[PDB]
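Trainee: Handing you a structure now.
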Amino acid sequence: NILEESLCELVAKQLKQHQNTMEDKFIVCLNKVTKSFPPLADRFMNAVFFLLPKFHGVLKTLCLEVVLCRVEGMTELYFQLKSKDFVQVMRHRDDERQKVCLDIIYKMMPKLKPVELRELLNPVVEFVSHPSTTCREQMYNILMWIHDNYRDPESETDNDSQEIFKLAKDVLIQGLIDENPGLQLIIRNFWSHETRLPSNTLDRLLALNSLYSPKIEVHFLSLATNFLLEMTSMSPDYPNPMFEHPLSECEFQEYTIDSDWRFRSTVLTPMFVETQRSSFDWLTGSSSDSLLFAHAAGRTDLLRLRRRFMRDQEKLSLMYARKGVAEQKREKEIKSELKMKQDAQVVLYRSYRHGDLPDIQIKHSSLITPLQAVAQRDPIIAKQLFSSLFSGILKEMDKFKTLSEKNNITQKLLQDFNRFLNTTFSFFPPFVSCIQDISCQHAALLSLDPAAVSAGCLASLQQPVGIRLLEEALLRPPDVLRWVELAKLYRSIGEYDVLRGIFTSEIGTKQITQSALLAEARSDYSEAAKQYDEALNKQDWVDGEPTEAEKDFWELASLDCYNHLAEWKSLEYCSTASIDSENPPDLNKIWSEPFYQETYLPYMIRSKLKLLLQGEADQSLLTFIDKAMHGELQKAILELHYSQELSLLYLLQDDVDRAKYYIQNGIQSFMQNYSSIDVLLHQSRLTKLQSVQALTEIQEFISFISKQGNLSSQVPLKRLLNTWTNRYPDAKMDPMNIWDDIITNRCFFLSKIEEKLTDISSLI
Amino acid sequence: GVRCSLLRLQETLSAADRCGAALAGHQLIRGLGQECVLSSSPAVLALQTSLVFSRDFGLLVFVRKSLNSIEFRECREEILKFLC
Amino acid sequence: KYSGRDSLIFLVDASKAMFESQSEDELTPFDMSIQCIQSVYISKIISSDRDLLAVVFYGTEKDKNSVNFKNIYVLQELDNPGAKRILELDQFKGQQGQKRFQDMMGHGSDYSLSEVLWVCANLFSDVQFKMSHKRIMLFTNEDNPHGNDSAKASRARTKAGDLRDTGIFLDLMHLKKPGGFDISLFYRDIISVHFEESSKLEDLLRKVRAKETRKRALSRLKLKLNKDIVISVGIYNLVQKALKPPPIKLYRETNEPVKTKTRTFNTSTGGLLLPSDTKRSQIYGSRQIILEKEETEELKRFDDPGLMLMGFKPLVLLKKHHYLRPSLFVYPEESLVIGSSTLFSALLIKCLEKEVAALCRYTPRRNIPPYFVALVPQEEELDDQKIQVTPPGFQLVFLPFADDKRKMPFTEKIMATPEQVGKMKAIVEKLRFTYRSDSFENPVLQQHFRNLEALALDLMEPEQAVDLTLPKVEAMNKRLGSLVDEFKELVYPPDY
DNA sequence: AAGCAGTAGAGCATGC
DNA sequence: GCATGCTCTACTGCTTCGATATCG
Ligand SMILES: O=P(O)(O)O[C@H]1[C@H](OP(=O)(O)O)[C@H](OP(=O)(O)O)[C@H](OP(=O)(O)O)[C@@H](OP(=O)(O)O)[C@H]1OP(=O)(O)O
């Protein structure tokens, strides 16, 4: 209409009168107008930007919503948002404001050069830990756009574009374990699309190792086998029945199975009672507010316009209060019936028809989908399924590929697996034993890495797998690296019987290593360390100066001997004075040269903590621990692997709260790490079980010293001493590091309860 | 989450742009206190309690070290309203 | 509004052509702008120190803005004036300050006037206070910047429209520019005839140093006629006896305030004594009258606060020598009662006919005894450039009581001969001048301002304000040329 | 002791 | 006998001014 102009200029004249007197009303009126007509905000945009750094409340949310409408019709917008501190308004904790900030970013991304998208990206990737699924969903939307539009469109893009792609890919990988059933499904269908992971199974199996990222290691094997068994669901033999002929002839009815979380099991009923872009999973089936009051034309839905309204506001408020009483009484039910509906809500995957004989006419789906369904839950069965699929697919690679492409498939697989074993920090036992089990089977992967294999299955207690891999590599000049790493694997499970026949003089090793091992076999560790450290400073070798892996073996075994005796001063000196050059030792250099983490760190923490636990007041471990908690990786390493060390350390400064958190973390870490060791790895499970007593003594001490009645008399102390003097590891079977843990922890607990307590001392 | 918010809170106290540091500090305090209030698992609640009442970082040493300053009184007001 | 501050950005064109001034026994335009900015800082630090000021340098190589734009240096944000902000600007003074300026700022760079107006708009945006006026003073000597280009020119005119939409008004302090300053090439359309230096820099170098308060109302009373016809007024003040600001007790080793706390305690037991367990006494020889702290404030309350009209009176009974209190000024406030302005205007232009004045009982505050006060009406005087000197309303003239007057002793009336009166009329006609209203200036207060300036900026010695209330003995003598000796001979006997 | 801007929450309407 | 906003009242901070007590 013609009347556009005289009306929009009238509305703009009233808003122009507003924008200088009351800006609080100017932005409310402008937000309400440009909810519906956005071209009015074009003439007010610099006066919205001017007022934007002034409001801090809901009014800044309204200002940003006015900005959000005109993002495509704005030319620069990054310099204006950067002047107005957009990165710091994104970190304001408000879900509406953060959602509108992320929506502004999403609309202005196809007009950003990489040098400013990289500045915007560092606060965007902080929304992984955001509680709202709406902001996380918007973050995954903009990262999916970055992945689709930054896959090197030209010959060699700059460093900015490459780092942008790397950061987006890291967070997009990390969103495959997202704690929301459907955000994870969006990210999983994003990755399972044909343009990102291929459809060829031999090349999908290679592209799967690109999306590893040490964060997701507990989930990687189930995710990989999910992405691999995607492709069965688009095969022309997938809904076909696997056997076309039944055993005999009988008709089969339809059997529906009652699986509801009310009668979960048969045991909870007494007797008779008074009755007589894509969110889709291929596995579980195939499954603001306005002020205008005028915001269907039928024949049944317009008899509810025959409405009465009680003009008894007192009675109406009484009915609403009684209503809210009923809702408060039903919340008390729902917040228990939903915590019961969480642990007995099972889904069924197959079809289940019943007859007179077993119905051997299952589809291929009725075997594949429960297989992936249980690989998604149990990690051992995911390890076995991934090993089976990887070995089968490389076996069926032989008819396609000839020799020129097979070799640079296996070179890429060797590079990928070396990357896995060199960057894992959570040495997850199914993951480590899976990629050291699929390496034994194929001879082109037997050249994996000797020191990464040794460190991995020493940290995950999976030493038989690494022993089999190293021995098969020594099959097929002596390879002294592999012989020394194999001997380091054998030494940690005991097995000095095997160790005698390794260090003869045909592999090039010295005689001092054999003599020290023969002394260590009879548990004569002081005479073993006496010549280990003697060999570690000797430079006049009359048959060749020793190779480096042998000297690393002497270093590690001498540290083990000092740990085995009790010598905590020599242990901290030997673990500490090899990471620093000068006489002041800088303990924070232990996090570079990744040798230092698996070599010197457990002995460093253990020796300093034992010296703290018996007397000495050198506060040099607490500084290292608090400095290491600043990093997002070092904190994960420390609270995943030690946490009992940490619980005792925080108990030493009377911090019984952080010690509570760390001992509960240690118990959960015990259960997860114990139940993921394969069942026929006995003495791996024995050494995982040997450590539960110290965890529960720390928990029992915390529970004892927390109750105030325990500190009143000497009755509960006498009962605690009466149970501690009957609770021991067994002689002849539990080693001396277990005994030293129990006894040193118990002595420190008794000293703490004594100094807190008011003939008690003779009893303790 | 928390302890990152607390270390950035202690960093926004020796900064050079006062009254520009306090707005960031107030947002750190608000998100921190929101996380501490909305927890119900007694393992992480003891961790968050020990981090809030910590002596290196922590809200009490924040309001102590930010007490010779008028730009930080909204931060101190929000901390004392969180602690109740 | 009222709490709104005044903001001002000094924009100095420190590019290339203010550093090679063509006389060398004169003053370069960079030094002229620096002296001007420093005089405005020293004036506003005690005139109105709640205002906000900033100085930005463009055409300089190094940059310190928030957007990290090319060649914009923001030396200071918008903030209240201080001593250190003048001591930082001291460094770029004189022929040496150029050299002190080059090594840490930059010079001669390319720039964009759009980005410097952008940085000034961002400075006005980052202010959390409320601002009344927002101004940008532009110290420049080149007319037509970006003369090689027109994209820069049209972008600059656009960004000036962006500035004037939000209420920011820039004005240019044009410098010398040998070859005139052509104001029409670039600076007639950007801002709200060849020239020489200016007409604003020179009176901007005149430091005024006099405190200025905003228009508060001091009372909002109701003017009642009997009990029923009440209208609302405001009692403003137009003369108020400016004082010096009071001192602040510091701690000598730190120079920090020290938080005075006064308490009452009895010397018997040394116990802290509340306000409830004291009374107030007066001793008259032997009687002791003992009231309470509540009852001593009951003695004063007579009326309710407001103005009670008590009739009308010709001005001929309002004696000019009946003065005890500086007058106030009433004015109708048409928001506490409606039509107040109409009844005020009818009463005003009807007491403006004759010389009649309303008589009132004035109770300003609550427990305050009344004063009889005379509401003399006054018209308004204005000019064609809408400068008004007298606002319309009444002047509230305080009248003394019987005990506010005092009596004189008996003095003989010794009149003069008309020869003496006619020869003293020549003396008073010789010395005649024009009293404006504000030609004189408080010397004690001025010297306090000068001493505080010189002690906070630690200059070299306190400047002395040239006195003005003092009489000029030699000039009055030479004006009264050879007259006073014959006058005192004709009226005074030849002795002493 | 009162003007004057700024805000926070108390008290209340309302909900069909 | 509850839940959710909305209005608007009452308070604070800052600043000026005036009345009172005190000091060279
Ligand atoms: O006769 P009144 O109207 O009552 O006033 C007269 C007189 O007025 P005139 O000038 O018309 O004679 C003087 O008035 P002012 O000089 O104050 O304007 C006044 O003088 P003082 O108040 O200064 O004393 C005083 O006359 P006097 O000075 O002789 O006392 C007074 O007469 P009353 O003393 O009787 O009031």
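Chain lettering (A, B, ...) mirrors the order of the structure tokens, residue numbering begins at 1 for each chain separately, and ligand numbering begins at 1 in order of display.
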Using only C-alpha atoms (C1' of nucleotides) and all ligand atoms, find each protein or nucleic acid residue lying at most 8 Å from ligand 1; present the set as a ChimeraX atom specification.

Mentor: /C:319,321-322,405-408

Trainee: What lies within 7 Å of segment 46-63 of chain B using only C-alpha atoms (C1' of nucleotides), ignoring chain neighbours under 5 positions off, as a ChimeraX atom specification?

Mentor: /A:657-658,660-661 /B:3,6-7,10,36,76,79

Trainee: Please produce an output containing N, CA and C atoms for each residue in the selection, written as a JSON list (two decimals), in the first residue's frame.

Mentor:
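So the final result, stored in result26.json, reads:
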```json
[["chain", "number", "residue", "atom", "x", "y", "z"],
["A", 657, "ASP", "N", 36.33, -32.59, 53.08],
["A", 657, "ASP", "CA", 35.34, -32.46, 52.02],
["A", 657, "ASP", "C", 35.90, -32.86, 50.67],
["A", 658, "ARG", "N", 37.06, -32.31, 50.31],
["A", 658, "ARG", "CA", 37.70, -32.68, 49.07],
["A", 658, "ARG", "C", 38.22, -34.11, 49.13],
["A", 660, "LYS", "N", 36.55, -36.44, 50.69],
["A", 660, "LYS", "CA", 35.34, -37.21, 50.45],
["A", 660, "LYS", "C", 35.08, -37.35, 48.97],
["A", 661, "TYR", "N", 35.20, -36.24, 48.23],
["A", 661, "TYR", "CA", 35.00, -36.29, 46.79],
["A", 661, "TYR", "C", 36.02, -37.18, 46.12],
["B", 3, "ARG", "N", 36.10, -23.90, 40.35],
["B", 3, "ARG", "CA", 37.56, -23.79, 40.45],
["B", 3, "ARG", "C", 38.17, -23.20, 39.20],
["B", 6, "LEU", "N", 36.54, -19.88, 39.99],
["B", 6, "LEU", "CA", 37.19, -19.27, 41.13],
["B", 6, "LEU", "C", 38.58, -18.76, 40.78],
["B", 7, "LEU", "N", 39.31, -19.46, 39.90],
["B", 7, "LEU", "CA", 40.62, -18.95, 39.52],
["B", 7, "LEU", "C", 40.50, -17.75, 38.59],
["B", 10, "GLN", "N", 39.76, -14.85, 40.96],
["B", 10, "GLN", "CA", 40.94, -14.27, 41.58],
["B", 10, "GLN", "C", 41.81, -13.55, 40.56],
["B", 36, "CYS", "N", 26.64, -24.06, 42.29],
["B", 36, "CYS", "CA", 26.75, -24.61, 43.64],
["B", 36, "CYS", "C", 25.38, -24.85, 44.25],
["B", 76, "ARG", "N", 30.96, -8.17, 46.16],
["B", 76, "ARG", "CA", 30.88, -8.56, 47.57],
["B", 76, "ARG", "C", 29.44, -8.73, 48.01],
["B", 79, "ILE", "N", 28.27, -12.09, 46.62],
["B", 79, "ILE", "CA", 28.85, -13.21, 47.37],
["B", 79, "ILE", "C", 28.14, -13.38, 48.70]]
```

Trainee: Write out as number ranges by chain the residues lying within 10 Å of segment 209-221 of chain C, counting only C-alpha atoms (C1' of nucleotides) and excluding same-chain residues fewer than 6 positions away.

Mentor: C: 2-3, 40, 42-49, 230-238, 242-244, 305-307, 328-333, 336, 362-365, 441-442, 445-446, 449-450; D: 2-4; E: 15-17

Trainee: With C-alpha atoms (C1' of nucleotides) kept, could you save the residues just selected as an mmCIF file, in the first residue's frame?

Mentor:
```
data_model
loop_
_atom_site.group_PDB
_atom_site.id
_atom_site.type_symbol
_atom_site.label_atom_id
_atom_site.label_comp_id
_atom_site.auth_asym_id
_atom_site.auth_seq_id
_atom_site.Cartn_x
_atom_site.Cartn_y
_atom_site.Cartn_z
ATOM 1 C CA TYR C 2 19.676 16.781 36.252
ATOM 2 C CA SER C 3 22.064 14.004 37.268
ATOM 3 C CA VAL C 40 39.911 23.218 30.068
ATOM 4 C CA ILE C 42 42.254 22.936 35.069
ATOM 5 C CA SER C 43 39.049 24.971 34.716
ATOM 6 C CA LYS C 44 36.719 21.978 34.935
ATOM 7 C CA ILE C 45 38.550 20.259 37.793
ATOM 8 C CA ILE C 46 37.141 22.796 40.251
ATOM 9 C CA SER C 47 34.381 24.337 38.192
ATOM 10 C CA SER C 48 32.386 21.125 37.659
ATOM 11 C CA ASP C 49 34.496 18.076 38.472
ATOM 12 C CA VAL C 230 -3.321 26.044 47.614
ATOM 13 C CA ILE C 231 -0.870 26.299 44.725
ATOM 14 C CA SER C 232 2.543 24.705 44.456
ATOM 15 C CA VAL C 233 5.752 26.708 44.231
ATOM 16 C CA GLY C 234 9.474 26.091 44.287
ATOM 17 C CA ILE C 235 11.811 28.329 46.239
ATOM 18 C CA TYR C 236 14.975 28.704 44.200
ATOM 19 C CA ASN C 237 18.027 30.755 45.083
ATOM 20 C CA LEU C 238 19.973 32.957 42.718
ATOM 21 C CA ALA C 242 30.211 30.425 47.420
ATOM 22 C CA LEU C 243 32.398 28.857 50.100
ATOM 23 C CA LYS C 244 35.578 26.981 49.876
ATOM 24 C CA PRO C 305 5.820 24.340 56.167
ATOM 25 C CA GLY C 306 4.614 26.505 53.323
ATOM 26 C CA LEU C 307 3.625 30.074 52.556
ATOM 27 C CA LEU C 328 14.999 33.778 47.205
ATOM 28 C CA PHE C 329 12.887 33.341 44.094
ATOM 29 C CA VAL C 330 9.510 31.626 43.886
ATOM 30 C CA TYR C 331 8.170 29.932 40.779
ATOM 31 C CA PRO C 332 5.049 27.839 40.117
ATOM 32 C CA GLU C 333 5.412 24.067 39.992
ATOM 33 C CA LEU C 336 1.950 18.880 42.648
ATOM 34 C CA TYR C 362 7.442 31.665 55.438
ATOM 35 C CA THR C 363 8.058 28.305 57.090
ATOM 36 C CA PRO C 364 10.725 26.587 54.977
ATOM 37 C CA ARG C 365 11.254 23.426 57.018
ATOM 38 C CA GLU C 441 35.721 38.177 42.177
ATOM 39 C CA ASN C 442 36.357 36.587 45.592
ATOM 40 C CA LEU C 445 38.579 31.784 47.141
ATOM 41 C CA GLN C 446 40.584 32.504 43.984
ATOM 42 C CA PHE C 449 42.038 27.623 43.891
ATOM 43 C CA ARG C 450 45.465 28.812 42.705
ATOM 44 C "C1'" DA D 2 15.259 18.198 51.682
ATOM 45 C "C1'" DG D 3 15.678 17.497 46.431
ATOM 46 C "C1'" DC D 4 16.354 14.015 42.971
ATOM 47 C "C1'" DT E 15 24.676 16.973 47.212
ATOM 48 C "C1'" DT E 16 23.322 21.414 48.780
ATOM 49 C "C1'" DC E 17 22.007 24.522 52.431
#
```

Trainee: Name all residues at most 10 Å from residue 10 of chain D (count only C-alpha atoms (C1' of nucleotides); drop same-chain ones fewer than 6 positions away) and give them as a ChimeraX atom specification.

Mentor: /E:8-10

Trainee: Selected residues, N, CA, C and O atoms (P, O5', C5', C4', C3', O3' and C1' of nucleotides), written as an mmCIF file, in the first residue's frame, please.

Mentor:
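Here's the written file result-v7.cif:
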```cif
data_model
loop_
_atom_site.group_PDB
_atom_site.id
_atom_site.type_symbol
_atom_site.label_atom_id
_atom_site.label_comp_id
_atom_site.auth_asym_id
_atom_site.auth_seq_id
_atom_site.Cartn_x
_atom_site.Cartn_y
_atom_site.Cartn_z
ATOM 1 P P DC E 8 0.792 1.938 39.700
ATOM 2 O "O5'" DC E 8 1.112 2.278 41.230
ATOM 3 C "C5'" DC E 8 1.344 1.206 42.161
ATOM 4 C "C4'" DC E 8 2.358 1.583 43.238
ATOM 5 C "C3'" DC E 8 2.911 2.992 43.147
ATOM 6 O "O3'" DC E 8 3.327 3.417 44.436
ATOM 7 C "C1'" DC E 8 4.655 1.525 42.926
ATOM 8 P P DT E 9 2.451 4.459 45.281
ATOM 9 O "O5'" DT E 9 2.738 4.052 46.790
ATOM 10 C "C5'" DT E 9 2.815 2.682 47.144
ATOM 11 C "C4'" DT E 9 4.003 2.392 48.058
ATOM 12 C "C3'" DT E 9 4.579 3.567 48.817
ATOM 13 O "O3'" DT E 9 5.004 3.095 50.063
ATOM 14 C "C1'" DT E 9 6.262 2.606 47.500
ATOM 15 P P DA E 10 5.113 4.059 51.334
ATOM 16 O "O5'" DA E 10 6.480 3.603 51.995
ATOM 17 C "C5'" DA E 10 6.918 2.283 51.817
ATOM 18 C "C4'" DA E 10 8.430 2.206 51.771
ATOM 19 C "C3'" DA E 10 9.167 3.294 52.537
ATOM 20 O "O3'" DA E 10 10.253 2.723 53.182
ATOM 21 C "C1'" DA E 10 9.912 3.249 50.332
#
```

Trainee: Tell me, in Å to one decimal, how far atom CA of residue 13 of chain A is from atom CA of residue 133 of chain C.

Mentor: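 Separation of atom CA of residue 13 of chain A and atom CA of residue 133 of chain C: 21.3 Å.
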
Trainee: Under the rule of at most 12 Å, produce a per-residue listing of segment 21-60 of chain B near segment 13-16 of chain B: chain, number, name, the closest pair of atoms, and the distance in Å, as JSON lines, using only C-alpha atoms.

Mentor:
```
{"residue": "B:21", "atom": "CA", "partner": "B:15", "partner_atom": "CA", "distance": 6.7}
{"residue": "B:22", "atom": "CA", "partner": "B:13", "partner_atom": "CA", "distance": 8.0}
{"residue": "B:23", "atom": "CA", "partner": "B:13", "partner_atom": "CA", "distance": 11.3}
{"residue": "B:24", "atom": "CA", "partner": "B:13", "partner_atom": "CA", "distance": 10.2}
{"residue": "B:25", "atom": "CA", "partner": "B:13", "partner_atom": "CA", "distance": 8.1}
{"residue": "B:26", "atom": "CA", "partner": "B:13", "partner_atom": "CA", "distance": 11.4}
{"residue": "B:57", "atom": "CA", "partner": "B:13", "partner_atom": "CA", "distance": 11.5}
```

Trainee: With 6 Å as the cut-off and only C-alpha atoms counted, what is the closest atom pair between each nearby residue of chain C and chain A? Distances in Å to one decimal, ordered by chain and number, as a Markdown table.

Mentor:
```
| residue | atom | partner | partner_atom | distance |
| --- | --- | --- | --- | --- |
| C:67 | CA | A:83 | CA | 5.5 |
| C:125 | CA | A:50 | CA | 5.3 |
| C:128 | CA | A:54 | CA | 6.0 |
| C:166 | CA | A:47 | CA | 5.9 |
```

Trainee: Counting only C-alpha atoms (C1' of nucleotides), collect the residues of chain D whose closest atom lies at most 10 Å from chain A, and write them out as a count of residues only.

Mentor: 4

Trainee: Can you pull out the residues contacting residue 78 of chain B? Cut-off 8 Å, using only C-alpha atoms (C1' of nucleotides), and skip same-chain residues under 3 positions away; I want them as a VMD selection string.

Mentor: chain B and resid 26 29 to 30 74 to 75 81 to 82

Trainee: I'd like the interatomic distance between atom CA of residue 726 of chain A and atom CA of residue 710 of chain A, to a tenth of an Å.

Mentor: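 We find that atom CA of residue 726 of chain A and atom CA of residue 710 of chain A lie 20.1 Å from each other.
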
Trainee: Measure the distance from atom CA of residue 15 of chain C to atom CA of residue 60 of chain C in Å and round it to one decimal.

Mentor: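 These two atoms are separated by 6.0 Å.
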
Trainee: Can you pull out every residue within 8 Å of residue 144 of chain C, counting only C-alpha atoms (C1' of nucleotides), but drop anything in the same chain fewer than 4 positions away, and send it as a PDB file with N, CA and C atoms, in the first residue's frame?

Mentor:
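Below is the file that was written, selection10.pdb:
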```pdb
ATOM      1  N   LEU C 185      34.762  23.272   2.392  1.00  0.00           N
ATOM      2  CA  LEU C 185      35.208  22.121   1.610  1.00  0.00           C
ATOM      3  C   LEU C 185      34.707  20.823   2.224  1.00  0.00           C
ATOM      4  N   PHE C 186      34.896  20.663   3.529  1.00  0.00           N
ATOM      5  CA  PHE C 186      34.531  19.428   4.200  1.00  0.00           C
ATOM      6  C   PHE C 186      33.783  19.624   5.501  1.00  0.00           C
ATOM      7  N   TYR C 187      33.865  20.788   6.139  1.00  0.00           N
ATOM      8  CA  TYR C 187      33.410  20.935   7.510  1.00  0.00           C
ATOM      9  C   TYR C 187      32.197  21.836   7.656  1.00  0.00           C
TER      10      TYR C 187
END
```

Trainee: From a backbone DSSP assignment, name each residue in chain B labelled helix (DSSP H, G or I), as a ChimeraX atom specification.

Mentor: /B:4-11,21-37,42-52,59-65,73-83

Trainee: Output the selection as an mmCIF file, in the first residue's frame - C-alpha atoms for each residue.

Mentor:
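What ended up in again.cif:
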```
data_model
loop_
_atom_site.group_PDB
_atom_site.id
_atom_site.type_symbol
_atom_site.label_atom_id
_atom_site.label_comp_id
_atom_site.auth_asym_id
_atom_site.auth_seq_id
_atom_site.Cartn_x
_atom_site.Cartn_y
_atom_site.Cartn_z
ATOM 1 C CA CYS B 4 37.854 -22.484 36.930
ATOM 2 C CA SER B 5 35.348 -19.808 37.864
ATOM 3 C CA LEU B 6 37.194 -19.266 41.133
ATOM 4 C CA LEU B 7 40.616 -18.949 39.515
ATOM 5 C CA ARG B 8 39.261 -16.519 36.953
ATOM 6 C CA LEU B 9 37.603 -14.667 39.838
ATOM 7 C CA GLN B 10 40.938 -14.266 41.584
ATOM 8 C CA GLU B 11 42.438 -13.184 38.257
ATOM 9 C CA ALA B 21 37.031 -6.321 35.788
ATOM 10 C CA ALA B 22 34.117 -6.169 38.234
ATOM 11 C CA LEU B 23 31.452 -6.943 35.639
ATOM 12 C CA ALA B 24 33.292 -10.099 34.625
ATOM 13 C CA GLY B 25 33.785 -10.867 38.315
ATOM 14 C CA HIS B 26 30.082 -10.505 38.999
ATOM 15 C CA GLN B 27 29.245 -12.851 36.139
ATOM 16 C CA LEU B 28 31.777 -15.397 37.413
ATOM 17 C CA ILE B 29 30.253 -15.173 40.911
ATOM 18 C CA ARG B 30 26.707 -15.572 39.594
ATOM 19 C CA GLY B 31 27.376 -18.614 37.434
ATOM 20 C CA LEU B 32 29.487 -20.169 40.188
ATOM 21 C CA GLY B 33 26.793 -19.734 42.808
ATOM 22 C CA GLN B 34 24.163 -21.024 40.415
ATOM 23 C CA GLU B 35 26.173 -24.225 39.887
ATOM 24 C CA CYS B 36 26.749 -24.614 43.636
ATOM 25 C CA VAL B 37 23.062 -24.188 44.464
ATOM 26 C CA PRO B 42 26.717 -35.286 47.980
ATOM 27 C CA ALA B 43 30.083 -36.174 46.426
ATOM 28 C CA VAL B 44 30.341 -33.068 44.251
ATOM 29 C CA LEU B 45 28.666 -30.951 46.902
ATOM 30 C CA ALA B 46 31.580 -31.476 49.290
ATOM 31 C CA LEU B 47 34.001 -30.629 46.481
ATOM 32 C CA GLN B 48 32.120 -27.409 45.714
ATOM 33 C CA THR B 49 31.901 -26.554 49.422
ATOM 34 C CA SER B 50 35.627 -27.049 49.858
ATOM 35 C CA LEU B 51 36.342 -24.973 46.764
ATOM 36 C CA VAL B 52 34.077 -22.108 47.847
ATOM 37 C CA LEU B 59 34.916 -16.517 47.943
ATOM 38 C CA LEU B 60 36.052 -15.500 51.413
ATOM 39 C CA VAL B 61 39.557 -14.626 50.281
ATOM 40 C CA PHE B 62 37.975 -12.847 47.313
ATOM 41 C CA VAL B 63 35.896 -10.572 49.520
ATOM 42 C CA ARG B 64 38.912 -10.044 51.770
ATOM 43 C CA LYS B 65 41.288 -9.055 48.979
ATOM 44 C CA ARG B 73 31.053 -3.904 46.163
ATOM 45 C CA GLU B 74 28.487 -5.446 43.833
ATOM 46 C CA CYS B 75 30.698 -8.534 43.764
ATOM 47 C CA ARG B 76 30.877 -8.558 47.566
ATOM 48 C CA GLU B 77 27.123 -8.037 47.817
ATOM 49 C CA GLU B 78 26.434 -10.946 45.480
ATOM 50 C CA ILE B 79 28.846 -13.207 47.367
ATOM 51 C CA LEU B 80 27.206 -12.407 50.684
ATOM 52 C CA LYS B 81 23.790 -13.007 49.152
ATOM 53 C CA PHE B 82 24.991 -16.344 47.766
ATOM 54 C CA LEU B 83 26.404 -17.465 51.096
#
```

Trainee: Please extract the residues of segment 45-257 of chain C with a backbone DSSP assignment of strand (DSSP E) and present them as a ChimeraX atom specification.

Mentor: /C:52-58,72-74,131-140,168-174,222-224,230-236

Trainee: Show me, as a list in words, the residues that have an atom within 9 Å of residue 18 of chain C when counting only C-alpha atoms (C1' of nucleotides), minus same-chain residues fewer than 4 positions from it.

Mentor: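 With the cut-off at 9 Å, the set is residues 13, 14, 28, 29, 30, 31, 140, 141 and 175 of chain C.
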
Trainee: Deliver the residues from the most recent selection as a file, using C-alpha atoms, as a PDB file, in the first residue's frame.

Mentor:
```pdb
ATOM      1  CA  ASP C  13      44.904  16.278  14.464  1.00  0.00           C
ATOM      2  CA  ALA C  14      48.436  15.269  15.404  1.00  0.00           C
ATOM      3  CA  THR C  28      52.803  25.675  17.010  1.00  0.00           C
ATOM      4  CA  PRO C  29      49.176  24.497  16.644  1.00  0.00           C
ATOM      5  CA  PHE C  30      49.889  21.220  18.465  1.00  0.00           C
ATOM      6  CA  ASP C  31      51.074  23.264  21.444  1.00  0.00           C
ATOM      7  CA  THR C 140      42.488  20.463  13.236  1.00  0.00           C
ATOM      8  CA  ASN C 141      44.297  22.807  10.876  1.00  0.00           C
ATOM      9  CA  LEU C 175      43.860  26.217  13.635  1.00  0.00           C
TER      10      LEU C 175
END
```
